[PDB]
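We begin with a single chain expressed as structure tokens, specifically the form deposited in one PDB entry.
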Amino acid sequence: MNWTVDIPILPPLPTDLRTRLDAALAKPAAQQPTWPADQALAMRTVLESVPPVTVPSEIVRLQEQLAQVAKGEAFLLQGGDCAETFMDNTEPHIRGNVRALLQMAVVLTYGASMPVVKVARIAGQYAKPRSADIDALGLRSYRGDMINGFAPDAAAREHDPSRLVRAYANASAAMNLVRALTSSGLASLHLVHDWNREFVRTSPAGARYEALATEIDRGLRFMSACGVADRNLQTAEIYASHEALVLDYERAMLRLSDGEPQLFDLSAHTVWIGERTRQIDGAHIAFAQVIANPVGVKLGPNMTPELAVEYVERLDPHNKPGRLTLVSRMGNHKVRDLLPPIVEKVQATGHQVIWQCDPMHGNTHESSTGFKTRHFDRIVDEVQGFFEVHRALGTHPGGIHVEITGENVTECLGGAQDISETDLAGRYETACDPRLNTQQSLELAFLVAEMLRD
């Protein structure tokens, strides 16, 4: 029942990188798995010899496009599953999520009148933090498939270092498919947009989006009338991202680039540090300072303007637009009060970060029926508030970071489908937080396109 891998039995890092990497990893690290060190080492030794998920030239390219976002010349769409699972790492599922991002992106592009950088939560989003080590059933908490199992039994919840290699296998398989898919017919704007027009026809609030959908279609037809063939467009790039949480995994996937040599985390193109692991003197922030990838930090409602500035100065020490993304997650009822003084203070530093809205993690609650859930209207209202904040300051609302899937799940309440607490039981499939289903994700893109237009 096991495939078995041989433990390799080789370029030394430049002395300074070895020193800084060691210092970063010696700092305290929250939310790490508790598995034996000798077993972790063996797994990392396997991962240090595998082909990388991404390569440095792609990360450099992403950095260039994120700079444009930071400068107000592009918009960032980041999205995908809350938690990828080994079980659902399948072609239909992956294609569903790629398609939903593409569908959203064309609508946002038209509304923003500028390019949309597409970053999927995919090919590595297998680890999550927990506030409690014992869950509501008295079991050790599920921390994602890189760590332990979702099944509600003790043995499955044991931390298993073999999941580090299993997670890489799943991630590299998914990434291969994402690459194949973005240079397939799935890339074509016309294909992708006719999907949106089917969505408009079947949605209960379709008549509401019909005008913009038609306008987009006429735009695409105009492009074609002017002689623009699909043969000669910017062909689709979808980048890979996840939360950099398990440092055993991230450190094993570091590779030294071939103009000074730098350390790149090649488990992804970009990674972010979450609320529970962003300790300013912690290993995760220190790890982010050593790697060359673009990075994000999640900023919740206890964020101060002063700490935001300290993240900016530590994480973008050389003033490189787009290197750092600050991901606002303040709850729809607070975003308007809490965000402006953070934005003002950071902007005064002269650094150019991307300001990205995560309207999901600040707006979750537990339904009467037991399922943890989010209301579509709160998610939409946070994005609305985020846009108001930036428009008042004249700063750039740079992007959104959403949890979505191309499946017709029943996880977040509301939308045009008016998903109720009752409906939640029928198709609740997430291993963790509730995702916008394909219709809700589409509807949000339309709604956000209008915010971009106004």
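So that the term is clear: the rigid core is the largest set of C-alpha atoms that superpose within 1.5 Å between two forms. The numbering used is simple: start at 1 and walk along the sequence shown.
In terms of unmodelled positions of the deposited sequence, the stretch from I9 to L10 in this entry skips 4 to 9 residues. Per the record, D281 and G282 are directly connected, with no deposited-sequence residue omitted between them. Stretches 44-52 and 382-390 differ in mean C-alpha B factor, with the higher average recorded for 382-390. Once the C-alpha B-factors are averaged per stretch, 193-201 and 288-296 rank with 193-201 first.
Across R130, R218, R251, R166, the entry's maximum B-factor at the CA atom is seen for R130.
Set against one another, the Cα B-factors of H269, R276, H375, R314 in the record reach their highest point at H375. Ranked against the other modelled residues of its chain, the C-alpha B-factor of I400 as given in the entry falls in the lowest third.
Ranked by C-alpha B-factor against the other modelled residues of its chain, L413 falls in the highest third. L424: CA B factor lies in the highest third for its chain, per the PDB record. Per the deposited record, the Cα B-factor of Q65 falls in the lowest third when ranked against the other modelled residues of its chain. In the PDB entry, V353 places in the middle third of its chain by CA B-factor.
A second form of this protein, the form deposited in another entry, is not displayed here; the remarks below concern that form.
After superposition on the rigid core, the C-alpha displacement between the shown form and the other one reaches 2 Å or more for just one residue among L233, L307, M114, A292, namely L233.
The pair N232 and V116 approaches in the other form: their C-alpha atoms are at least 3 Å nearer to each other than in the form depicted.
The pair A236 and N232 approaches in the other form: their C-alpha atoms are at least 3 Å nearer to each other than in the form depicted.
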